[PDB]
Each structure stands twice: as C-alpha cells, then as structure tokens.
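# Structural overview for review
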Amino acid sequence: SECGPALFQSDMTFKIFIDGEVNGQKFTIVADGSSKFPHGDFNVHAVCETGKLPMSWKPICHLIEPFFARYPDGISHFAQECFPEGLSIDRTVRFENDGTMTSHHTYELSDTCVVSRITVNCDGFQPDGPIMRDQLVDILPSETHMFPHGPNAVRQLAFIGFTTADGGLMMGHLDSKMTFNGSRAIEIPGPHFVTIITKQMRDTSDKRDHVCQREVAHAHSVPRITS
Amino acid sequence: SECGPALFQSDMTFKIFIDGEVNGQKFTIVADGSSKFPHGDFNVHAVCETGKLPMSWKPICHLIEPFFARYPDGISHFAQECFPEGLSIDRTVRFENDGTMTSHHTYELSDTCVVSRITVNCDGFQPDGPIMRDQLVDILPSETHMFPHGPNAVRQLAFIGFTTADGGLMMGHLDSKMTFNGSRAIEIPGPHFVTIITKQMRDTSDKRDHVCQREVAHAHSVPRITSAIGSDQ
C-alpha cells in the first residue's frame, strides 16, 4: 500500500553522487534527473565537479535507476519492491582488451526523489585505448538478462557495447547484483529480460564538463514451447 | 549462380555427426531433422552411438542450425548467405562452477540437406556437479546478441541458463564465431538479437540413448532513440 510499486505511481526525481577513480586519477560526478509515470523513458543531467572527466563519459552511462524501468503486469518489479528500505548494487563491467569498472551503489527514497551514492574504481584501462582517449560514439542496445539470486537479490547479466570513432566496436561484460536492504519477504522475480536503449550527448550550455542522457527500459518475458 | 537465401526457400533437412569427449570419455552423436519453410521452428532427433552419454544431454542442445532461424526482411541472414560455399563455427561455452565446451563446426549444403560435422572438447567438468550427474531439467530462453566481426564473420554472445533438479539454476557463457568459407563479399549484418527457445525431451521408444529437440529462433532489432520525445537525430 505504501511500499514497493505503490511508491512509484506518480512523477519522480532522482539525484546521484559518484565518487570515482580511473587509473589512479580521481573524479567526482553529481547528477539529477526525472521520470514521469508510467516510467520507463527518463533523463538525467550530469556534470564532472573536479574539472574534465579523464575518460569517456560513455562507460558512465550505467552509473547515471532500475526502479524507473517499466514492467508489465505479470512480472515482479524487484527494484521498486525494495522501497522504502532501499537497495544496494555491486557491479563489474569488464571491457574486452581494456579495463574493469567495479562499482557499489546505495539508493534511498525520500518523498518522490531517489538519492544514490556510488563509489567506482576504474582500473587497468589502456592509455591508448578508446576509453581513455574518448573515442566512443554510440551505446548499443542491450537485452539484459535478469535472474533470481537468493531470497533477497536479483542478478543482471549483460553485453554492453559501444561503437567507436573509426566505425568499430568495443564490448563490455556486465554482471550486477541488486540486493534489498530489508528483512521483509519480497517477491523475487523469475528469469526475464530488460531491454535498455541509451543516448548520451554532450551539453554545450556551460563550459563545465557535463552530459544529458536519455534511457528507455522495458522488461519482458518469453514463453515456453511444447514438444 | 544460386546462393544465400535463395537456397533456403523450400523445406529442408539436416544431418550432424558429433565427435566428442567429456573429461577424457569419448562419445559420438548422430542427429537428424528437418525444417519447413519459412523456418524458425524446427526439430531434431539425436542418438548417442557410443552407448550411454556420460553427461547431461542439456548442454548438447546448441550442438544439435543457425541458417534455420527466421530473419525478418531488413536484417541480413549471415548463416544462409554462407551457402553454397559453407559455414564454420568456433564456439566456447563456459559454465559457472564447472567446465568449458569448445566446439568446431563445419556445415555444407547438398541439395536441400545441410550436412555437418562437429568436434567438441568438454574439459574441467565437475564429477559431482549437475552436468556430470545429469540433473538439468529445462533450458532457459536466451536473447542472443549478434555482432559484425570483420569482413567474413559474425560473433554471437549469449547467456545460456539451465534449471536444475532441485529447482535452481546453472548459468553458461557462450561466445561463438560464425565464419564464411568463401571469398565473395557477402553482407555482414549490424548488431541485432536472436531469441532462442528450446525444448528437449528423452525419446523412450527403444533402449538406445536418444532425445528429441525442438527450437524456435527468430531475429529482431531494436531502434535508436533521439535525445528527447518528438525530436529527431
């Protein structure tokens, strides 16, 4: 009644604080955005606070809101079920022939705004590769795969791909776990998919290092077949 | 001058010979099946010729026909394009907390029958885990991801999941390269997806160790989004 989805029936906002490093160099991001009900198509503005981000903004796409994915009736929406107590996320994305980003995320809801703090360590990145040299152009869509992971968690597996300036491709491997903070016995959804489409663009309003990003996310399932 | 999808406009059949080992134990499988036009929903019957298969049939699912996936107009069908010259597959499926299968596949078309030979090494498997103990029940659907891979290849990435006998899960990681065995310049499709749904049942006619398997496979794409609702770019 006033937990889970019931708390996502109106328009909402969110705010994010990221504390990071890449190959030793530190950085800080703050961001804010919003999601109109019925959700699933939303936007975020982000800025680097410490000056110029020392790596492509593109791999940050997934740090700058699973509870704003839209779920149809018939599939339990774990990330929305986690409230009001909140949730955490532990995530690794490993880039082929390049480095790995490991992040930890906390989410709290107050009123109609969800606040996140994230620490991320980006290590082993190649100084000459497209990430450190800012040569990533588009973000490919993903059909991310979701699985139940014990009584209090769900796991997300994905292939996250980026096109490059010379017309090629860089592949990332995402493995992510969402854990409910409370003791309450929420419904763990069974195996399903979440389709995620993303478009990041530089905001040349300010002379600050800042980007706008839009996301469409929608969960679905696939039927069995008989013999 | 007959090639690619032109060669797939009728009902077809296929035959597979698999030469495998799992943890040093050699085995042999032979399969056959058919696919009716317009393809995308098709069957196979397989049998272990060396007696009793020493592992679960479940992970053999993807060894026992990409060219029978159904593609919509607007997405080039790489596996069909590779004919008449033929198709090779190199593939690895690594299972979490368990072993890795490494396969080499070669496919050739004679008439309306696609013949294939596969070699597969299944190594590092756990003798007490659910593959070696035959405790896998269902095959989860996958939203496989396809990508261009140079001028003569495509790469498939997937997660292949199985349910177990006590109601849990076993996850596999699949990485597969399809290569065209010819020199003509064929179209390499852009990123897209192939949904695959699979159902395997033991066939309990006769004493021989065999299974029946049905697969539904369809390609789809996902569109781009513009920077806001109602714009363009």
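Analysis parameters
Residues numbered from 1 in each chain as written, not as in the entry; some residues may be left out. Chains lettered and ligands numbered in written order. Heavy atoms only, no water. Contact = heavy atoms within 4.5 Å. Buried area = accessible area lost by both parts, 1.4 Å probe. Salt bridge = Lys/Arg side-chain N within 4 Å of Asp/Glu carboxyl O. Polar contact = N/O pair within 3.5 Å; in protein donor to acceptor, adjacent residues only side chain to side chain. Helix = DSSP H or I, 4+ residues; strand = E, 2+ residues; numbered from the N terminus. Nonpolar A, V, L, I, M, F, W, Y, C, P; charged D, E, K, R; others polar. Buried < 20%, exposed > 50% of the residue type's maximum accessible area, 1.4 Å probe, protein only. Pairing = 2+ DSSP bridges. Core = buried A, V, L, I, M, F, W, Y, C linked by side-chain atoms within 4.5 Å.

As recorded in the PDB header, X-ray crystallography is the method behind this entry, and the stated resolution is 2.0100 Å.

### Things to note about the interface of chain B and chain A
Listed per partner, the contact involves 33 residues of chain B and 33 residues of chain A. On the chain B side of the interface with chain A, the three residues burying the most area are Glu143, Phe159 and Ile225 of chain B, jointly 25% of the side's total. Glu96 of chain A is the salt-bridge partner of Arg155 of chain B, the closest N and O atoms lying 2.7 Å from each other. For the pair chain B and chain A, the number of links is six residue pairs in polar contact. Of all the elements in the fold, those that place two or more residues in the side of chain B that touches chain A are β8 (142–148), β9 (153–164), β10 (169–180), β11 (192–202) and β12 (210–220) of chain B. Counted by class, the side of chain B that touches chain A contains 19 nonpolar, seven polar and seven charged residues.

### Digging into the pairing of strand β8 (residues 142–148) of chain A
Residue and element names in this part refer to chain A. A large share of β8 lies buried, amounting to six of its seven residues. Here β8 runs beside strand β11 (residues 192–202); their pairing, made up of five bridges, is antiparallel. Each bridged residue has a counterpart across the sheet, and for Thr144 the counterpart in β11 is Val194. Note: β8 against strand β9 (residues 153–164), four bridges, orientation antiparallel. Directly across from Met146, in β9, lies its bridge partner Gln156. Between β8 and the antiparallel strand that follows it, β9, lie four residues; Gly150 among them carries a positive phi value of about 95 degrees.

### Here's the deal with the nonpolar core
Within soluble globular proteins, side chains that are nonpolar tend to cluster in buried spots. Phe67, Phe83 and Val114 of chain A are the most contacted members of the largest nonpolar core, which has 61 residues in total. Contact partners of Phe67 of chain A, with chain neighbours within four places excluded, come to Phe8, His77, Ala79, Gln80, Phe83, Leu87, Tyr107 and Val114 of chain A. Counting residues in hydrophobic clusters, the runner-up holds 60 residues, among them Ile18, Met132, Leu136 and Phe180 of chain B.

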